[PDB]
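Engineer: Below is the sequence, then the experimental coordinates.
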Amino acid sequence: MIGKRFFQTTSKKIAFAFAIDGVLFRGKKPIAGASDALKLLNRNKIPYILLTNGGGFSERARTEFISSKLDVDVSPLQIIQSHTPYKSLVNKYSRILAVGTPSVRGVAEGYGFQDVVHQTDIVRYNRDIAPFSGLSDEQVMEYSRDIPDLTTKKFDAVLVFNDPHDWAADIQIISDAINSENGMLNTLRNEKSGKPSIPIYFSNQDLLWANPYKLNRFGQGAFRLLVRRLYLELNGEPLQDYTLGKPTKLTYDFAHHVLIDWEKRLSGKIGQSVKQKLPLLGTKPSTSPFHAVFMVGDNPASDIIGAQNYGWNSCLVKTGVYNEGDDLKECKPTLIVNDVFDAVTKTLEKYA
Amino acid sequence: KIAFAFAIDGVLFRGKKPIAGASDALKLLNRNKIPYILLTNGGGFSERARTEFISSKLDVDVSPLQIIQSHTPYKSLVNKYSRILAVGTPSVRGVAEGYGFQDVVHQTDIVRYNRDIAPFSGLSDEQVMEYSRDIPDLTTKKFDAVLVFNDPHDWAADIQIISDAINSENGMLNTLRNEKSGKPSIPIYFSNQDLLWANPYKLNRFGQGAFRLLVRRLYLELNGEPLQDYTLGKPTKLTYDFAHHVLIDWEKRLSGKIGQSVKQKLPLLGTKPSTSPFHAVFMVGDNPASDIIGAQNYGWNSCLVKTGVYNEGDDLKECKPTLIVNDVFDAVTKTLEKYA
Ligand SMILES: O=P(O)(O)OC[C@@H](O)CO
Ligand SMILES: O=P(O)(O)OC[C@@H](O)CO
Ligand SMILES: [Mg+2]
Ligand SMILES: [Mg+2]
Ligand SMILES: [Mg+2]
């Protein structure tokens, strides 16, 4: 690094994986320096991915939005959102309750799930299932659909894609499913268990996240704690669930595959028109071309501990969840810096 | 003298629909001049509005003076807390104002103020305009307490906003205190700990007790200490004492010792009645964890019905109803035939 320019010093490959909320954006507004940071990497063909516990729309839709806001080209191949690894569950669960904002229905169908039911479809079917739903009539008409065989075909899993926006209904409906008789709507099992009636996946355990507001807000990790609390109260055993998203090894392994394939494309070893193969859930990449990968994040409990457990390096920024002075617990970030631009420039200068 | 205290949900009504025999039961008590109150953990509207609705649907006369709702004893708090966050359905703002609280803020008024405070609020712009108000000095006047009147209908916002108040710097909006503690930044009251209740749906639904467990779980997660909260509603002693006073006074009005013209003095919170003029009071409820254990701990008798939360065969791992019966009419007829 020299002033604003980068200068390759070695053939050793360094890569970055960026969180988005609290690192590149707050809400829909870019963080100062975020555009400059990715422009520098693009200019010098340094591989990076966006590894975010956010979600709600398709990978293409989200990267097109980011590209336009940051004035830089980000490929849909560069992003892993919280629910992206759900692509690998499509052959496992025929009918899913896809929980999230109403846009997750389209995301789930796009991934290939055979029979997607959104939680608003159950409110639509019978308002009295969710007595504390806030949905107005206009919202029910926009969000929900009549579903064939809603009450005669079992649900096979609950997949939480992102945070839904009507939690008294969302929590009631999830609880109904995981305490049902073998996943049939309108049923309740006789026997208590730590094992839910059908499996339930959460894609993000972030208790807190940084949106436009000056104070950290609860995220899906908080939602998960709430579902779990009521499950325990009804069963007397903690809920056996599945978790994906940072800091899980499941998500880091998936992300690592994506990064490896991206670098092959970036370096011209693979054509821009070659379809990308979905990584197998639970598998470590065969190779790893990177001398180091730096996770750039704002949340010690997600980004930093996730990178650390995985064996990646990490930059902790101060533009999101973390404020200087906060207890890092067992986190030892490789660098702590003000913002994403400083993260990239200081990492390249030190480690490249 | 024998008296009755009825739960409403799962005993007299499922949602807005009367349970069969409910009307006949209260008409039987009226015909025979037997005093009763409605002691409910539901709420949302003023005492008068609720009893007018019940009177209409059951074709009987129920006085506003006969009901204690979850939040009725909040009337005793009006000279304690100037500005309150009044949480619940939008009608609870009006209930609070009617009670005499001086500066009532509903949780939707904070969503109106800044949508970014509640990123997972489901409120549409039309709902915000209908439910909320333009409160003066939301950010420069401290909140004095959080009072949960009934279940609100937008829990991601409602939980986020209550969490902000109880972790704030001394009640000021847009602040977060530096030190963790089991003591919330301002006091918080819940009016109903019912984990479950019976609405029109065939399976029991979560109630405010579930909402309370959720607020407490995130408070514990941020603070490492359990939340020091206040709780009212059945089965609490605070609510039963309050109801007992109301029952006493209603019987004095039913007989004639007190004239109808007389304004009813508010029972001060936390005090037991000086007297106890009833041979027996029977609490008629559907929920063992609320109605039955409440009456039992208070020293009242009880009838558990099967038209709400309880199903034949459920374990009653603690409480012992005096009678278990099919419905409210069987509770009334069987109790009178045996204990009157
Ligand atoms: O910082 P990101 O990109 O992982 O996203 C944070 C998410 O928890 C948003 O809910
Ligand atoms: O049976 P009630 O009349 O006390 O009402 C039960 C409440 O939990 C309803 O929210
Ligand atoms: Mg973040
Ligand atoms: Mg709504
Ligand atoms: Mg009841």
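Structural biologist: Perfect, I can see it now. Numbering: from 1, shown residues only, chains lettered A, B, ... in the order given. Ligands and ions are numbered 1, 2, ... in the order given.

Engineer: after the longest strand along chain A, next one along is what?
Structural biologist: Ranked by residue count, the top strand of chain A under DSSP state E comes out as strand A:290-297. For strand A:290-297, the following helix or strand on the C-terminal side (DSSP states H and E) is helix A:305-310.

Engineer: Run through the neighbouring helices and strands of that following helix.
Structural biologist: helix A:249-266, strand A:290-297, strand A:313-316 (3 or more C-beta pairs under 8 Å, 6 or more residues apart in numbering or on different chains; DSSP states H and E). Where C-beta positions appear, they are placed from N, C-alpha and C, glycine not excepted.

Engineer: near ligand 1 at all, the longest one?
Structural biologist: No. Contact check for helix A:249-266 against ligand 1, using C-beta under 6 Å from any ligand atom: none in range, with a minimum separation of 10.1 Å.

Engineer: what's the angle from that helix to strand A:290-297?
Structural biologist: 120 degrees (axes from the mean of the first three to the mean of the last three C-alpha atoms, to 10 degrees).

Engineer: any idea how far helix A:249-266 is from the chain center?
Structural biologist: Offset of helix A:249-266 from its chain centre (C-alpha atoms, centre = their mean, to the nearest Å): 15 Å.

Engineer: Could you export it as CSV, CA atoms only?
Structural biologist: Taking Å, rounded to 0.1, in the frame of the first residue of the first chain, the C-alpha atoms of helix A:249-266 are listed here in CSV:
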residue,chain,number,x,y,z
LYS,A,249,-18.8,-23.8,11.0
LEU,A,250,-21.6,-24.9,8.7
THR,A,251,-21.8,-21.3,7.2
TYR,A,252,-18.0,-20.7,7.2
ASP,A,253,-17.3,-23.9,5.3
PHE,A,254,-20.1,-23.0,2.8
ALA,A,255,-18.6,-19.4,2.5
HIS,A,256,-15.1,-20.8,2.0
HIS,A,257,-16.2,-22.9,-1.0
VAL,A,258,-17.9,-19.8,-2.5
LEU,A,259,-14.8,-17.7,-2.0
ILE,A,260,-12.6,-20.3,-3.6
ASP,A,261,-14.8,-20.5,-6.6
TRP,A,262,-15.0,-16.8,-6.9
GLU,A,263,-11.2,-16.5,-6.9
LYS,A,264,-11.1,-19.1,-9.7
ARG,A,265,-13.5,-16.9,-11.7
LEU,A,266,-11.7,-13.7,-10.8
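
Engineer: Determine the set of other helices and strands touching it.
Structural biologist: On a contact count with 3+ C-beta pairs under 8 Å, 6+ apart, helix A:249-266 meets strand A:13-18, strand A:48-51, strand A:79-80, strand A:290-297, helix A:305-310.

Engineer: Now do the last one: distance to the chain's middle.
Structural biologist: Read that as helix A:305-310. Distance of helix A:305-310 from the chain centroid (C-alpha atoms, centre = their mean) equals 16 Å.

Engineer: Show residues contacting it.
Structural biologist: With contact meaning C-beta atoms under 8 Å, 6 or more residues apart in numbering or on different chains, helix A:305-310 is reached by A:17, A:246-249, A:251-253, A:256, A:293-295, A:297, A:313-314, A:329-332.

Engineer: Could you do the second one as well?
Structural biologist: The set of residues external to strand A:48-51 that reach it, using C-beta under 8 Å, 6+ apart, is A:15-20, A:24, A:38, A:41, A:63, A:66, A:74, A:78-80, A:246, A:251, A:255, A:258-259, A:262, A:295.

Engineer: Pairing partners for that strand, with directions?
Structural biologist: The pairing partners recorded for strand A:48-51 under DSSP bridges are strand A:13-18 (parallel), strand A:79-80 (parallel).

Engineer: Contacts for the last one next, please.
Structural biologist: What that stands for is strand A:79-80. A:49, A:50, A:51, A:52, A:59, A:62, A:63, A:251, A:254, A:255, A:258.

Engineer: From the residues you listed, pick the one nearest ligand 4.
Structural biologist: Here the nearest of the contacts of strand A:79-80 to ligand 4, counting by C-beta to the ion, is residue A:62; it sits at 24.4 Å.

Engineer: Which of the helices or strands spans that closest one?
Structural biologist: Per DSSP H and E: helix A:59-70 holds residue A:62.

Engineer: what helices or strands is that helix leaning on?
Structural biologist: With contacts taken as 3+ C-beta pairs under 8 Å, 6+ apart, helix A:59-70 sits against helix A:34-43, strand A:79-80.

Engineer: Would you mind getting the angle between the longest one and helix A:59-70?
Structural biologist: Just to be clear, that refers to helix A:34-43. Put simply, helix A:34-43 runs at 110 degrees to helix A:59-70, going by the same axes, to 10 degrees.

Engineer: Now the residue nearest in space to the middle of chain A: closest residue in space, sequence neighbours ignored.
Structural biologist: For chain A, the residue lying nearest the average C-alpha position, counting by C-alpha atoms, centre = their mean, turns out to be residue A:82 (1.5 Å). Once flanking residues are discounted, residue A:82 sits nearest to residue A:203: 3.7 Å by C-beta to C-beta, 6 or more residues apart in numbering or on different chains.

Engineer: Wait, the one you found touches residue A:158, no?
Structural biologist: No. Counting by C-beta atoms under 8 Å, residue A:203 stays clear of residue A:158, with 11.4 Å between them.

Engineer: quick one on the thing from earlier: pick out whichever of the contacts of strand A:79-80 sits closest to residue A:190.
Structural biologist: For the contacts of strand A:79-80, the minimum distance to residue A:190 (C-beta to C-beta) is 36.2 Å, reached by residue A:251.

Engineer: who's in contact with the closest one?
Structural biologist: Residues near residue A:251 by C-beta under 8 Å, 6+ apart: A:51, A:80, A:85, A:244, A:245, A:306.

Engineer: repeat for residue A:82
Structural biologist: Counting by C-beta under 8 Å, 6+ apart, residue A:82 has contacts A:52, A:53, A:54, A:55, A:161, A:162, A:203, A:204, A:220, A:244, A:245.

Engineer: Can you tell me which of those residues end up in helices?
Structural biologist: Counted as lying in helices by DSSP state H, out of those, are residue A:220.

Engineer: Now residue A:85, what are its backbone angles?
Structural biologist: Here is the backbone geometry of residue A:85 (degrees, to the nearest 10): phi -70, psi -10.

Engineer: Which residues are in contact with it?
Structural biologist: Contact analysis of residue A:85 by C-beta under 8 Å, 6+ apart lists A:203, A:244, A:250, A:251, A:254, A:281.

Engineer: got it, and residue A:320?
Structural biologist: By C-beta under 8 Å, 6+ apart, the contact list for residue A:320 reads A:19, A:21, A:22, A:23, A:26, A:209, A:210, A:297, A:298, A:299.

Engineer: before we move on, what about residue A:87?
Structural biologist: With C-beta under 8 Å, 6+ apart, residue A:87 has these contacts: A:111, A:112, A:278.

Engineer: For chain B, see how far away it is.
Structural biologist: 25 Å (C-beta to the nearest C-beta, to the nearest Å).
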